[PDB]
Every structure is written in C-alpha cells, then in structure tokens.
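Trainee: Generate a structure from the sequence data that follows.
(chains A and B)
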Amino acid sequence: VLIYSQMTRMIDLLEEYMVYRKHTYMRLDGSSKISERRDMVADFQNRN
DNA sequence: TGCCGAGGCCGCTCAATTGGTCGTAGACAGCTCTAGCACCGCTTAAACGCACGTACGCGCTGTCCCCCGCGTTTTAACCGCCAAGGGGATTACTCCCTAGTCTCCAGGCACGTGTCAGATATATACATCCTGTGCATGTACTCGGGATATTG
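Mentor: Numbering: from 1, shown residues only, chains lettered A, B, ... in the order given. Below is the structure:
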C-alpha cells in the first residue's frame, strides 16, 4: 500500500501509528534530502 | 449592476550555524631518575640598621589690597543637516606562481673547555680641588611716548 496525505503535521501522527502497530513503513516528505529519495524508492522496489 | 483585479494567508527547497561522532597522533604528565650541586645548618667575625634631645629651618599663619573672574546678550558663522553623483572600493571568477614540505647534505660557528694576567681592587699618605661663603655691576626689566602695521 501507498498512503498519501496533505499535512506534514499529519504524516507525523501517521508515523506514530506505524510505529505502534508494528507494520514497517518508510516516509518521503518534501523535507527529505534528494539522496534519501533514491535509496527509499529503491528499497520499496526489490523487497517484500 | 456586473466582472475581476487586486488582495491577504499557508507547504517546498536551499543555505548557513550547531552541535554531534570518528579515529589517530604526536605532546603531556609522570617516572625514574642519580645526578649533583645548590640549600641548608653551623659557626665566625664581622656592617649597618636603628631608637633616640636639640639646633633651628621653614611650613604654616593673621592681616590688608586689588585683577581676573563673573554676568549679559548680540551676533555670527560654525556646525549640523539632506540629497545627488561618480566612481572606486568590492565581488566573483580563472589562471597562475610560489609557499610550503621533505630530504639530502656540509661546514660555520656557536658551542664548549683549558690556562692563568693584566687587569682592577684595596691601603696609606696626602695635596689639592672643590664647595660655601662673601661680595660689585650690569643687565634685563618695567614704564612711557611715538611710529608703523592691519583690521574693518
């Protein structure tokens, strides 16, 4: 699944939820560095 | 009326500081020096400090007597300002030259000792130079009257 959301304040609340119910997750706000986006996309492909 | 135009609030992205973590390299703290030569302790015969009326030198004191201070205000331009213009101090880039590193390499000389002399100190006798004192004039001063210079 992809979850899209429209407030950085909310993506923080979603991250607190993803940590509590132990789903595994990965986030890419506009505040992420350009180099992080590369690794993070390449890890969402290539893995179960 | 209309339209809209102009209008006012909120997530990306980048760019210094800020504080954090990594690992590694001499340089700091410390040991044992060890070694030795200064500090000390112990005498001595030594100099020089110091607690202490009195002659008296001058620091301080009670007076009167006047300029420079003290007070006013006009004015006078001094000094401040602002705003504009020109450039020259500044910024950011690219090419370039050497500052700096290391390394090798020598001998110059600053370092060190090895001996012992011409040096200068110290005493006694001493004569002399120099100080403190006393003592005339000669000028550098303060004043008055007139000439030259300069401000308004």
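
Trainee: I'd like to check what contacts the helix ranked longest in chain A. Which residues are they?
Mentor: Using DSSP state H, we find that the single longest helix of chain A is helix A:8-20. Residues outside helix A:8-20 that contact it (CB atoms under 8 Å, 6 or more residues apart in numbering): A:3, A:5, A:24, A:25, A:27, A:29, A:31. C-betas here are computed from N, CA, C, even on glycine.

Trainee: List the residues that contact residue A:6.
Mentor: Taking CB under 8 Å, 6+ apart, one finds nothing in contact with residue A:6.

Trainee: rewinding a little: ok, which pair from the contacts of helix A:8-20 is furthest apart?
Mentor: A:24 and A:31 (21.3 Å; CB to CB).

Trainee: burial measure for the residue of chain A at minimum distance from DNA strand B, as a count.
Mentor: Nearest residue of chain A to DNA strand B: residue A:30, at 2.5 Å (CB to the nearest atom of the strand). For residue A:30, the count of nearby residues is 5 (other CB atoms under 10 Å).

Trainee: And for residue A:11?
Mentor: 17.

Trainee: ok, which residues in chain A are in contact with DNA strand B?
Mentor: Residues of chain A that fall close to DNA strand B, judged by CB under 7 Å from any atom of the strand: A:7, A:8, A:9, A:29, A:30, A:31, A:33, A:34.

Trainee: and the residue of chain A closest to DNA strand B, which of the three is it?
Mentor: coil (DSSP: H, G, I helix; E, B strand; the rest coil).

Trainee: With adjacent residues omitted, what lies nearest to residue A:41?
Mentor: Nearest non-adjacent residue to residue A:41, counting by CB to CB, 6 or more residues apart in numbering: residue A:28, 7.9 Å away.

Trainee: so who does that neighbour touch?
Mentor: Here residue A:28 is in contact with A:36, A:37, A:40, A:41 (criterion: CB under 8 Å, 6+ apart).
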